Amino acid sequence: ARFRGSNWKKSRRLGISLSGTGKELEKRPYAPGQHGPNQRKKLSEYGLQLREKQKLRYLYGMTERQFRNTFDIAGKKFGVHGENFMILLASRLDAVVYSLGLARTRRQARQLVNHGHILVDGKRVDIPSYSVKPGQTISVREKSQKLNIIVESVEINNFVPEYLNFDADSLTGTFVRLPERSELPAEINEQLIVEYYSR
Amino acid sequence: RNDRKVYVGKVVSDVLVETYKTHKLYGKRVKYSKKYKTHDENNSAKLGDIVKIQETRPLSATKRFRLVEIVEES
Amino acid sequence: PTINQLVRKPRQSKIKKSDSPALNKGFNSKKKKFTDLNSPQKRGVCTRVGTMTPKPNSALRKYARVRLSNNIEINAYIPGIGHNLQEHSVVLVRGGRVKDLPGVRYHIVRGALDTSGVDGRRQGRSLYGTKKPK
Amino acid sequence: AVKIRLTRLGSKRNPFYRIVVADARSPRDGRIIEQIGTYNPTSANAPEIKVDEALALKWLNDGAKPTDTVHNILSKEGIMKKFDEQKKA
RNA sequence: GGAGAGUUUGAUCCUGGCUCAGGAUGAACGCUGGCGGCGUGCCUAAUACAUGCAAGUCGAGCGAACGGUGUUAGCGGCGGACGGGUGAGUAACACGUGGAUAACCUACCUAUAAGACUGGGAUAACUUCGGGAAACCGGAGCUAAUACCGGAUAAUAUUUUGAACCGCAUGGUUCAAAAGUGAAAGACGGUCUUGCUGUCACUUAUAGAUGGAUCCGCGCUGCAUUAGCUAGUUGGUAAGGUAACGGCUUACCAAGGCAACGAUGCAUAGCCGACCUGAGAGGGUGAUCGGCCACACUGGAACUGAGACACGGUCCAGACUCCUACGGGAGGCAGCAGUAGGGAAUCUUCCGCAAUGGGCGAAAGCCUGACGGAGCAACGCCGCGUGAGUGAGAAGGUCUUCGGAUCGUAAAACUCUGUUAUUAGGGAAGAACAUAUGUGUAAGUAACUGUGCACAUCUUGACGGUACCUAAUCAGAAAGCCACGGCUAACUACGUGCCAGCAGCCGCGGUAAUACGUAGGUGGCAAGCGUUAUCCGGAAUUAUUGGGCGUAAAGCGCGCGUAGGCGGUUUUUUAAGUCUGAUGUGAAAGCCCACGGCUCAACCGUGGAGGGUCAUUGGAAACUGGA
Ligand SMILES: [K+]
Ligand SMILES: [K+]
Ligand SMILES: [Mg+2]
Ligand SMILES: [Mg+2]
Ligand SMILES: [Mg+2]
Ligand SMILES: [Mg+2]
Ligand SMILES: [Mg+2]
Ligand SMILES: [Mg+2]
Ligand SMILES: [Mg+2]
Ligand SMILES: [Mg+2]
Ligand SMILES: [Mg+2]
Ligand SMILES: [Mg+2]
Ligand SMILES: [Mg+2]
Ligand SMILES: [Mg+2]
Ligand SMILES: [Mg+2]
Ligand SMILES: [Mg+2]
Ligand SMILES: [Mg+2]
Ligand SMILES: [Mg+2]
Ligand SMILES: [Mg+2]
Ligand SMILES: [Mg+2]
Ligand SMILES: [Mg+2]
Ligand SMILES: [Mg+2]
Ligand SMILES: [Mg+2]
Ligand SMILES: [Mg+2]
Ligand SMILES: [Mg+2]
Ligand SMILES: [Mg+2]
Ligand SMILES: [Mg+2]
Ligand SMILES: [Mg+2]
Ligand SMILES: [Mg+2]
Ligand SMILES: [Mg+2]
Ligand SMILES: [Mg+2]
Ligand SMILES: [Mg+2]
Ligand SMILES: [Mg+2]
Ligand SMILES: [Mg+2]
């Protein structure tokens, strides 16, 4: 991807399961490194807004420059800024491919898009940051409809969100409509991230 | 045809056309005046008279206006 | 003041002064005149290297006397542990005054021109002109 | 003389042209008299000609002369035919 | 659409400065470095420049020469006043914005009309005789033209007679109606009748379009520790002069003109759209793109021309450089590259006229360092990588209250992928044309050729075998930088012992340092990360928005009084301010919104919005101003 380090270490430090399951904060729900077991003090006001930003950023696996650019894009549309930001992140072709169920992990959904296994509205899209619009159709390229990564992920039929429609036999998905804040991760207090970019 | 600029002022030598320049920052109107050397033909007007002037082609090194009408006698 | 006083005598902001005046001047040799250019660094020649004692602090702080390319004399601090400088050395000088050393307003750039990098440095090497080991 | 010609816009390897009326001595991308259309030779299917027919005939009747490419553009929009028909009639 | 924090004390609340957290750049430097797209790249010496290229073209204007229908030098026409560079000078009608010219000029282009008659004499080329190292210069003859010059015809142009009507004073638009006065050219074709006629070219007149010129209102940096400036100066008359008005110039007459509303002098500066910052009000900048101006080694002129007082023209003076055979000659990169120098610092002595634009040409075409591309540089922005899934606590490092903890699902192991990479196969768009060739039609013709218009056929790509696409092979080539006491996210060990060193501030180090150096771990970023410089912010720290003056900085020692600022009640009036519509204008690009094309995004394009203290014009009348 971009960051190729331990996602277990990042989930323990941030106090949020990045895999979405909870196996990382399983035995050691404390920060990595030498001073992990030793319990540190409270977090400052800056340290709380910053930790919220890193929660979102490392979940969607983006660099800070791209992350801040998406925030500015989201701040131009009518509505609540922080919620528009969460909606825009969920519309990434990176995250749509994972939310549909074509990959086990969010990092696997990135390599599929990056390596050109995915089509959008019938044409190849190689860009993980591609911003899928409602009504679009995401499918798998013909030479890759029988690959073990895609096959194994599809048979574990997880909760495909209600703003998405997938057809497992067709290996094809539909971006029905824009998500709502309730359909998006609730462990992120996005009001802190808006404050973080105000200072 | 077309219109030539007209001013009204007082003779200061035988024309002063005092106007206001609003301050750019503070908004207060400040009086300022500019002397318009004008052509009187037969030396008709005198000091302190309030006169009307109209713009013309250059008549000398500094004269660009002609005295058309006398408004208030000295 | 009153609005009329402000119209008669408008506000005037304080003029800011530069902390590194020797960097913001050039010299035209042909016209024998001084320019104003805002350079980030200046080349110079070491006139006298040596040491100086600090103002609570106590040490022997290494420095050099430098004649810059604009014919201005300055005192520049030599950061890091050991240096290879002496008289007639060609050095690059940047801004940044060193506290506790009165009259030293500039720094010598380690690893530029004749100044060597700090020997044995392994952390923050780019601040001391040291190449990556191995 | 006065010309009806193409000024280049767009980016590298992606040219877009505005159709302008300009003095011959004016620099290609500089001062113009009046824009009368656009021209996109790299478009997907059709070259996307967008000429203002009433403006083009006013300048043609005023002595403005097209360049070779602008003459082909105006011809493809029938402006040259209407110019010739209105001149004789 | 607006965030604070540290620091004066034993402690406090104020006042007040300082410092820090943000954004930005034509950046530079240090360490590091994979790719693609788009952009940007001498800010310093308007320093000096080796070498090549940056303006030619026309044989359908003309003679000759040399070659076998071609070409060369020359005459002639048009171009060389554009395009390109630079910001030295300039504080000024230079520029921005709004107007005026009844004081203006305008090649090429378009339209209309009337014409294009008749003669003549040169001269370069060339031949020959010389002179000079050269650059080049003389003598003798020779010759053409769409070159030049006479004469004829042509008036709307000039003078005088007046007249009508109109304007904003000078005046202007017609009506005449007499007197003078002013042109031109052929080339290549068709038909043939040597007459007519097509295209291009030529003359005159009038319009249009284009470009240029002048004037005026308002707007334009500091210094008063710059207060006097001017004597063609200010006005008049006359003459001269100019495209044009005018002290523009001169002669004579008068003593005016400018200035505390800042004249003048000194210094600095090209100006604007825009750009950066800011919640805004403001503050800061003018590199890149576009408009305007100015300049072309320095200074002064003029010639040709529609246009220049002319970057790659002339003349002169000067500084400098170069050749000389010492008589004499030559040159001007602030065009594109490039060199030297200066500097912290800024690129190839590249490819092509295929596209767009420009000059010349009937055209084919030629020329075009404009331009379109390629090359170099992480300089910036945007995008994508450097693997993915599963994987229980291996070794090794570090710490240990020697139980363990941590690096760490990290590694290995098992599978999976090929964006990229390598090898191979295919391979766009960007190209529109013009010419020519056919038909058709329009005008014109006596008719044709031709001309305009339409359709059909033909040729043409620098980039470039590039973008892109397809197949195979391999996790194999592809992570660094800064920080971790507080501000401020992230701590332990060892070494050192007020040393060595660190430091933006508080300050840290004098034997148990989370601040020095290293190590492990962690945090922040990531093909970048830090440092320095500079600008705005934080800074309400110049306070109009938005501060103060008893004791913190700050009320002149106190009168009188000039300019200026401000000013009680009512009625009528006005309409400068104020308010409210209309019209015009505020280019394009940019910013913001919307949509479209780039796989996305940058970016590109299209349609809107915004931005004036703008002008002109119609209303209102409470307030300020005028009566
Ligand atoms: K204290
Ligand atoms: K060309
Ligand atoms: Mg095409
Ligand atoms: Mg590029
Ligand atoms: Mg320069
Ligand atoms: Mg020079
Ligand atoms: Mg010839
Ligand atoms: Mg002509
Ligand atoms: Mg002639
Ligand atoms: Mg200057
Ligand atoms: Mg503010
Ligand atoms: Mg002349
Ligand atoms: Mg020239
Ligand atoms: Mg030159
Ligand atoms: Mg050059
Ligand atoms: Mg150097
Ligand atoms: Mg062309
Ligand atoms: Mg050439
Ligand atoms: Mg670098
Ligand atoms: Mg902390
Ligand atoms: Mg350090
Ligand atoms: Mg110790
Ligand atoms: Mg510290
Ligand atoms: Mg340390
Ligand atoms: Mg990036
Ligand atoms: Mg500041
Ligand atoms: Mg500030
Ligand atoms: Mg105060
Ligand atoms: Mg008081
Ligand atoms: Mg006191
Ligand atoms: Mg006091
Ligand atoms: Mg007192
Ligand atoms: Mg006293
Ligand atoms: Mg794009």
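Lettering of chains follows the sequences in order, A, B, ..., and the numbering in each one begins at 1. Note that these values count all heavy atoms, side chains included, but never hydrogens, waters or copies made by symmetry.
- Atom CD1 of A/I73 sits about 6.5 Å away from atom CG of A/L88, to the nearest 0.5 Å.
- When the side-chain nitrogen and oxygen atoms of D/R31 are compared with OP1 and OP2 of E/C82, none of them lie within a distance under 4.0 Å.
- One cannot find a donor-acceptor pair under 3.5 Å joining the base of E/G257 and the side-chain atoms of B/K37.
- Both conditions hold for E/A274 and E/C275, whose six-membered rings have centres under 5.5 angstrom apart and planes under 30 degrees, so their bases stack.
- Straight-line distance between the P atoms of E/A388 and E/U409: roughly 15 Å, to the nearest whole Å.
- Taking side-chain N and O atoms only, D/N40 has no distance below 4.0 Å to OP1 or OP2 of E/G605.
- Residue C/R122 has no polar side-chain atom (N or O) positioned under 4.0 Å from OP1 or OP2 of E/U518.
- Here E/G524 is matched with E/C481 as a Watson-Crick or G-U wobble partner, both contacts being under 3.5 Å.
- No canonical Watson-Crick or G-U wobble pair links E/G282 to E/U204 with each of its two hydrogen-bond distances shorter than 3.5 Å.
- The base of E/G241 does not engage E/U191 as a Watson-Crick or G-U wobble partner with both distances under 3.5 Å.
- Of the candidate nucleotides E/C453, E/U409, E/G430, E/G430 has the atom nearest to the side chain of D/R13.
- A positive value of the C1'-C2'-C3'-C4' dihedral assigns E/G530 to the north, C3'-endo side.
- The shortest distance between the side-chain N/O atoms of B/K5 and the OP1/OP2 oxygens of E/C168 is not below 4.0 Å.
- Nucleotides E/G555 and E/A539 have their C1' atoms positioned 28 Å apart, rounded to a whole Å.
- No stacking contact links strand neighbours E/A185 and E/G186 by the limits of base ring centres under 5.5 angstrom apart and planes under 30 degrees.
- Nucleotides E/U339 and E/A135 fail the pairing criterion: they make neither a Watson-Crick nor a G-U wobble pair with both donor-acceptor distances under 3.5 Å.
- Within 3.5 Å, a donor on the side chain of C/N57 pairs with an acceptor on the base of E/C508, or the reverse.
- In this structure, E/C516 forms a base pair with E/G495, meeting the Watson-Crick or G-U wobble definition at 3.5 Å.
- The shortest distance between the side-chain N/O atoms of B/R4 and the OP1/OP2 oxygens of E/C168 is not below 4.0 Å.
- B/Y32 has a side-chain polar atom (N or O) that falls below the 4.0 Å cut-off from OP1 or OP2 of E/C218.
- Of the candidates E/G236, E/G565, E/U419, the closest approach to any side-chain atom of B/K28 belongs to E/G565.
- E/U143 and E/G546 make neither a Watson-Crick nor a G-U wobble pair with both donor-acceptor distances under 3.5 Å.
- In this structure, the side chain of C/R105 does not engage the main chain of C/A76 through any donor-acceptor pair within 3.5 Å.
- Not one side-chain nitrogen or oxygen of A/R51 sits closer than 4.0 Å to the OP1 or OP2 atom of E/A489.
- The base of E/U356 sits within donor-acceptor range of the side chain of D/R28, with an N or O pair under 3.5 Å.
- Applying the side-chain contact (heavy atoms from CB on, under 4.5 Å) test between A/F3 and each of A/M62, A/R107, A/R57 identifies A/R107 as the sole match.
- Pairing between E/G299 and E/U542: absent (Watson-Crick or G-U wobble, both distances under 3.5 Å).
- Listed nucleotides E/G383, E/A500, E/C525 differ in distance to A/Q66; the shortest reach to its side chain belongs to E/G383.
- For C/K14, taking side-chain heavy atoms from C-beta onward, the closest of the listed nucleotides E/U542, E/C31, E/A209 is E/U542.
- The side chain of A/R28 contributes an N or O atom lying less than 4.0 Å from OP1 or OP2 of E/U409.
- Between E/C416 and E/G338, the two key atom distances do not both fall under 3.5 Å in a Watson-Crick or G-U wobble layout, so no such pair is counted.
- Of the side-chain N and O atoms in C/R11, one or more sit less than 4.0 angstrom from OP1 or OP2 of E/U544.
- Side-chain atoms of A/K76 lie closest to E/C593 of the nucleotides E/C593, E/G236, E/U616.
- Judged by distance alone, the side chain of A/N114 and the main-chain N or O of A/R110 form no donor-acceptor pair under 3.5 Å.
- Within 90° of 0 lies the glycosidic angle of E/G247, which makes this nucleotide syn.
- Comparing the same atom, P, in E/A302 and in E/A296 gives a spacing of 16 Å after rounding to whole Å.
- Across E/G83, E/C218, E/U492, the shortest atom-to-atom separation from the side chain of D/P27 is found for E/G83.
- Judged purely by atom type and a 3.5 angstrom limit, A/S139 has no side-chain atom pairing as donor or acceptor with the backbone of A/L119.
- For B/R66, counting side-chain heavy atoms from C-beta on, the closest listed nucleotide (E/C600, E/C168, E/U386) is E/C168.
- Atom CG of A/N148 and atom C1' of E/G418 are 15 Å apart (whole Å).
- Side-chain proximity of D/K65 to the nucleotides E/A527, E/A388, E/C109 is greatest for E/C109.
- For E/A479 and E/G480, a centre-to-centre distance below 5.5 angstrom together with a plane angle below 30 degrees is not found for the six-membered base rings.
- Checked against E/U409, E/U534, E/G530, the side chain of C/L127 finds its nearest nucleotide in E/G530.
- Nearest to the side chain of B/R57, among E/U170, E/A169, E/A489, sits E/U170.
- Contact of A/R2 with E/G385 (side chain to base): a donor-acceptor pair of N or O atoms is detected under 3.5 Å.
- Remark: B/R1 is not in phosphate contact with E/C168, judged by side-chain N or O atoms under 4.0 Å from OP1 or OP2.
- The phosphate of E/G343 (OP1 or OP2) has a side-chain N or O of C/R43 nearer than 4.0 angstrom.
- Taking 4.0 angstrom as the limit, C/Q12 places none of its side-chain polar atoms (N or O) nearer than this to OP1 or OP2 of E/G222.
- Not one N or O on the side chain of C/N24 forms a donor-acceptor pair closer than 3.5 Å with the backbone of C/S39.
- The glycosidic torsion of E/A81 lies within 90° of 0, which places this base in the syn conformation.
- In this structure, E/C336 forms a base pair with E/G52, meeting the Watson-Crick or G-U wobble definition at 3.5 Å.
- Atom CD of D/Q35 is separated from atom NZ of D/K50 by 8.5 Å, given to the nearest 0.5 angstrom.
- Side-chain N/O atoms of C/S39 and base N/O atoms of E/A344 include a donor-acceptor pair closer than 3.5 Å.
- Aromatic ring centroids of B/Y36 and B/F65 lie under 6.0 Å apart.
- A donor-acceptor contact under 3.5 Å links the side chain of C/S126 to the base of E/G30.
- C/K42 contributes a side-chain N or O that, together with a main-chain N or O of C/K25, makes up a donor-acceptor pair within less than 3.5 Å.
- A sub-4.0 Å separation between OP1 or OP2 of E/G358 and a side-chain N or O of D/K3 is present.
- Stacking of the aromatic ring of A/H115 onto the base of E/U417 is not found under the criterion of centres within 5.5 Å and planes under 30°.
- The separation of E/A46 from E/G270, taken at their P atoms, amounts to 13 Å, rounded to a whole angstrom.
- Consecutive bases E/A527 and E/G528 are counted as unstacked, their six-membered rings not meeting the limits of centres under 5.5 Å apart and planes tilted under 30°.
- Judged by ring centres closer than 5.5 Å and planes tilted by less than 30°, the bases of E/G495 and E/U496 are stacked on each other.
- Side-chain nitrogen and oxygen atoms of B/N2 include at least one within less than 4.0 Å of the OP1 or OP2 phosphate oxygen of E/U101.
- Taking 3.5 Å as the limit, the base of E/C261 and the side chain of B/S33 contain a donor-acceptor pair of atoms between them.
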